[PDB]
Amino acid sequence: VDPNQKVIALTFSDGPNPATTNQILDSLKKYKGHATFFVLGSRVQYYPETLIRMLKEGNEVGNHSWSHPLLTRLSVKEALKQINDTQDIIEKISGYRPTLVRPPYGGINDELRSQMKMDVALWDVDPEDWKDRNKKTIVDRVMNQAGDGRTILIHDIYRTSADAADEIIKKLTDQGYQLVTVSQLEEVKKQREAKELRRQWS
């Protein structure tokens, strides 16, 4: 990944769902891009093959809880169980340990932050594809807001979202963006910031 060229992080919450997730994985593979999938533990348990596929194809996997409660409605113990049960199923299937967590609905507090011991990964651009389940509406909202360094949220459980994601992936690729994982974007930002180190010997 070249930090001097455009980067963007496409991210997908709520899968795996083979019919839609596999289509998105196909699009990413066709256009030579990667993404980050924030998965539900319950769905990993239903669809272990899709977890393996997304990892095999170079995508990053994050934790999106077991069954999608608002974690701030739970006790800390119950919320940690949602997260840890999801770590556990991912580990049991794949041997992979996610480092990124995306709390359902963005809901988090300082106590959960400190106790989860994971990197909280939210987003910058949200076309609300759960609300406007319409391919062109989703595409246009994303493409109008896309820019270097941004993180896009799509929910990979709807047909219109998978169809929109294919078009978004194509258009961003045509525009010269590198489609990177969340962790790769973090690294790019650090590489760009590190240019300031050169001031020490200028």
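The numbering used is simple: start at 1 and walk along the sequence shown.
In this crystal structure, the stretch out of 106-114 and 93-101 whose C-alpha atoms carry the higher mean B factor is 106-114. Per-stretch averaging of Cα B factors for 51-59 and 66-74 places 66-74 on top.
Ranked by C-alpha B-factor against the other modelled residues of its chain, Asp14 falls in the lowest third.
Placement of the Cα temperature factor of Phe38 within the chain: lowest third of the modelled residues, per the deposited record. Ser161: CA B factor in the lowest third of modelled residues in this chain (values from the PDB entry). The PDB entry assigns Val125 a C-alpha temperature factor belonging to the lowest third of its chain's modelled residues. The deposited CA B-factor of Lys29 belongs to the highest third of values across its chain.
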